[PDB]
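First the structure, in the form of structure tokens, and then the observations on it.
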Amino acid sequence: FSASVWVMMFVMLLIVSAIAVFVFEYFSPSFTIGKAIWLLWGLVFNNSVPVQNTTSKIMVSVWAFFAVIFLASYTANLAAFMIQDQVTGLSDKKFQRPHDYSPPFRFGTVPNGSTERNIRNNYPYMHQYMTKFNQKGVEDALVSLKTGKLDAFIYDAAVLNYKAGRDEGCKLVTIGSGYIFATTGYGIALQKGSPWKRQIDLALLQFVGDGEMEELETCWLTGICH
Amino acid sequence: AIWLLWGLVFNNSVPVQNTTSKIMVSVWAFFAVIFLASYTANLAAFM
Amino acid sequence: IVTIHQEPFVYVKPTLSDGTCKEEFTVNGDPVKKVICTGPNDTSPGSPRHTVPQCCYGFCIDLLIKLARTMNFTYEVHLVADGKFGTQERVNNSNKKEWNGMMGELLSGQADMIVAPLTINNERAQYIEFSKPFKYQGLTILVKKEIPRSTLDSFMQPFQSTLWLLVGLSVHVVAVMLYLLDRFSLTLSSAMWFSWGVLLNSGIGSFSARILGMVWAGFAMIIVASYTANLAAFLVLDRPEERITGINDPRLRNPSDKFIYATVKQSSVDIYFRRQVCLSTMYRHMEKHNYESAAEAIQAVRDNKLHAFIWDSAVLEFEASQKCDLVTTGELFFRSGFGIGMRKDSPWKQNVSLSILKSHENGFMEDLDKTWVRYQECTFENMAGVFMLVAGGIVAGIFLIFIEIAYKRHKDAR
Amino acid sequence: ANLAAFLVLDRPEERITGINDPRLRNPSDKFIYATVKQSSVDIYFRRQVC
Amino acid sequence: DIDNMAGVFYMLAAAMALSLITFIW
Ligand SMILES: *[C@@H]1O[C@H](CO)[C@@H](O)[C@H](O)[C@H]1NC(C)=O
Ligand SMILES: *[C@@H]1O[C@H](CO)[C@@H](O)[C@H](O)[C@H]1NC(C)=O
């Protein structure tokens, strides 16, 4: 926060020092070279005794009052100033180059799913590296994360958010929001040629427009670490 | 002794005007500064 | 194809003399594709409407070019004259339900495919089928933020004056009683000089005076302690003015003349507000203030004419990113995606849905989001006016004491 | 400054902020809470949608 | 604020008592 206060306080100190040295030189009718410089800082800092000393008394008194007021304002500003991720996406070189770092990277996913197929269709090398370390359930992934047996876990956004919301201790969180590789929904899988699709989509659109799922979202999807 | 008992705990005073003695007054001034900081922090918490 | 002028998605600029547009480049030095645009010269009514050739480019043009590359397409873009998405309206012989704007143009057969930001809604889907949304963004609240600079400048007595008068009376009476005690047993100004040195540390200076000095030293510090405590409290407690905390804001639930907020025209947000169980006063509060375009709405918001605006969250986020003077508050609500306006008998449903899903799963969408929506991101008086006043007072006092001592020395030594 | 910050920022341990407390929405062994026996509160808890 | 008057008046009685004691002694 010194980008603004320090800039103005510097010129403030310069001008007050100029005024002080001018009036000290005017006080001739005990050397302006050293005594003025010493007194410039002997009174602003209360943890010093370098002053050792009618017109002069008034000036030093008012300057000490100003210094005390400025110190109080600075302390108040310092008190007021005290009220206030690891990886970014899949494009980071850490995922593509696990060997470039001394600690090997280990990842986990549930086989026979959709995330593995999506990774295979996009990055065959990532799928080959994933095949070495695999997990057969979300509970195993949570246990590995708690015990440190796994570094990063990749799965659907909804289930990870649910686990983070119901996680204990708020020690397991995702990397922000909006960094989803492929934002896709769930839908309702139907049979080819079924005429119920129109009615189903109309009902879903009416429900989402009327906001009838807000209570379900607030009750089923809630937890600690908001 | 009475004058020094309050000449340094209150930073807005110059009533001290003064080996073993130096260490004691130094540590007591440090304690007074720490107590003043604690008092200011308590006032900030109370406000 | 008919396209609506959207600032974060469809940039529209006039063409050059030759009839084409400039060949600009991005930060990566890549050629930016541009397509010849056809539309009215003036959007406002009562103007000499001329269908001059424009040049529209932006976000959806890349997707349109990808679709035209994947499948043989000969597309011509068009601009809606009224500049509205289009909903059900009422005209003479009010017993008629006809669509206006882009939706009405699509239903009239003028257009066959629409590549533009269009929020999927139940009423729109009851007549025009849509495709899978490109991205999921809701609607939020946009409010211009203020810059707190100073409040309650502390020059001589920002809080009270009776307290300062009482302090002055107390110091005067303690000084005169100290002088009386010294005389009874510092006769000259030495006593008051010492008192002022005790009050303000400057290094300047029997048992009767000891207790007075002790009590004065004890009493001196409590005043400055209280002053700094009050200063810290007033600096901690600031204005903290929040406009909208969310959809369930009680302030938003009541109409106020001080804070005016509304949408631009009929849209999906308008239908959402219409289909409310108990939010009735919102329409009465909003129907009295309407605009014609989002650009005009945001310009009015910047010009302090308005206080809050409601639109798609992505648009507000992009505007905040490109202009640091505006901030977005609230949370996502009534979240819904986009869609493509196509006739129910169009055999291009699957052939477009598969391409859209392939582009989404191949990372084209995230690349376009990075390269089109994430370009860039984001005391005056209290410590200045009081300092100037103090400096002026100090200069005046210095001149006064100078002339005073000049007269006093001559009077003493004549 | 650090002393003032640490005095301002205290434990502020709040157990229940209301009926809609997310902490109350989940069973925890650290915090145990229940009624005495069957009563109107028991019937209210029985007749809950979610 | 309002308590400042009470605070300043609290020490006035002690100061007056000390002044009376040192005057009589
Ligand atoms: C249609 O697209 C295919 C793409 O392989 C191309 O070979 C063919 O020439 C196109 N036909 C026309 C009439 O553009
Ligand atoms: C849609 O795709 C299928 C297979 O990819 C193709 O046979 C069909 O001709 C396409 N539709 C059109 C209108 O080209």
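Any read-out appearing in this document is the output of simple, stated calculations on the displayed coordinates, not a laboratory observation. Please note: Cβ atoms are built from the backbone with ideal geometry, for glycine as well, and neighbour counts cover all protein chains shown.
Data table
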read-out	value
Rounded if a/c under 1.5, otherwise prolate or oblate - segment C:44-101, Cα gyration tensor axes	oblate
Two-decimal Rg to Rh for chain C - Kirkwood Rh, Cα set	1.27
Over segment A:33-80: Kirkwood hydrodynamic radius from C-alpha pairwise inverse distances, Å	11.7 Å
Taking N as its residue count, the alpha carbon Rg of segment C:257-381 over 2.2 N^0.38 Å	1.35
Partner chain coverage, peptide A:161-170 - average Cβ within 10 angstrom	1
Rule-of-thumb Rg ratio for segment C:216-270 [Cα; 2.2 N^0.38 Å; N residues]	2.27
Peptides ranked, highest mean first, by Cβ atoms within 10 Å: ranges C:328-341, A:102-115	C:328-341, A:102-115
Distance (nanometres) between label positions extended 7 Å along Cα→Cβ at A:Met82 and B:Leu5	3.3 nm
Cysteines (scope the protein assembly as shown) whose Cβ has no counterpart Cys Cβ under 4.7 Å	C:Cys60, C:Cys278
Virtual spin-label span in nm between A:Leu142 and A:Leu202, 7 Å along Cα→Cβ	4.2 nm
Overall Cα dimensions of chain A, principal axis frame, Å, largest first	108, 52, 30
Rg(Cα) / (2.2 N^0.38 Å) computed for segment A:55-100, rounded to two decimals	2.82
Hull-based mean projected area of segment C:341-414, where the convex hull spans the alpha carbons, in square nanometres	11.3 nm²
Rg over Rh, two decimals, segment C:133-266 (C-alpha only, Kirkwood Rh)	1.35
Pairwise Cα inverse-distance average, inverted: Kirkwood Rh of segment C:203-294 (Å)	19.1 Å
Cα shape, segment C:315-376, gyration tensor, a/c 1.5 rule	prolate
Value of [θ]222 nm, deg cm²/dmol, for chain C, DSSP H segments ≥ 4, -39500 (n - 2.57) each, nearest 500	-13000 deg cm²/dmol
DSSP-defined antiparallel bridges as percent of all bridges, segment C:1-151, nearest 5	75 percent
Over 29 Å (Cα to Cα) - which of A:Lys94/A:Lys149; A:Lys149/C:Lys358; C:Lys34/C:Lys144; C:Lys97/C:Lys305; A:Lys197/C:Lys265; A:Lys192/C:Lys132 fall in this group	A:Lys149/C:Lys358; C:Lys34/C:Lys144; C:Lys97/C:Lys305; A:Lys197/C:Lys265
Stokes-Einstein D (µm²/s) once Rh is taken as the Kirkwood radius of segment C:1-70 over alpha-carbon pairs, at 37 °C in 0.692 mPa s	245 µm²/s
Convex hull per residue volume in Å³, alpha carbons only, for segment A:105-174	89 Å³
Contact order normalised by residue count of segment C:3-130, Cα under 8 Å, 6+ apart, percent	25 percent
Cα gyration tensor category, rounded, prolate or oblate, for segment C:250-302 with a/c compared to 1.5	oblate
Reciprocal mean inverse distance between Cα atoms of segment C:21-141 - Kirkwood radius, Å	17.1 Å
Dimensions in Å of segment C:168-210 - Rg and Dmax from alpha carbons	10.4, 28
12 Å reach of a label modelled at C:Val236, 7 Å along Cα-to-Cβ, counting backbone N of segment D:1-29	D:4-10
Share of Cα-Cα pairs in segment A:5-105 lying beyond 16 Å, as whole percent	70 percent
Sum of -39500 (n - 2.57) over DSSP H runs of 4+, divided by residues of chain A (222 nm, nearest 500)	-17000 deg cm²/dmol
Computed FRET value (nearest 0.05) for A:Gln52 with E:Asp1, which takes r as the C-beta separation and R₀ as 45 Å	0.70
The protein assembly as shown: Rg to Rh, with Rh as the Kirkwood radius over Cα pairs	1.10
Net charge of neighbours whose Cβ lies under 15 Å from the Cβ of A:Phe105, counting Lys and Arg as +1 and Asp and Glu as -1	+3
Antiparallel DSSP beta bridges within the protein assembly as shown, percent to nearest 5	75 percent
Inter-site label distance for C:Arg183 and C:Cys378 at 7 Å from Cα along Cβ, in nm	6.8 nm
Average other protein chain Cβ within 10 Å of Cβ, residues C:214-226	5
Average beta carbon contacts from partner chains per residue of D:4-14, 10 Å cutoff	4
Cα coordinate range in segment C:71-222, projected on the principal axes (Å, largest first)	111, 44, 25
Protection proxy ranking, peptides C:21-32, C:387-398, C:58-69, average beta carbon neighbours within 10 Å, highest first	C:58-69, C:387-398, C:21-32
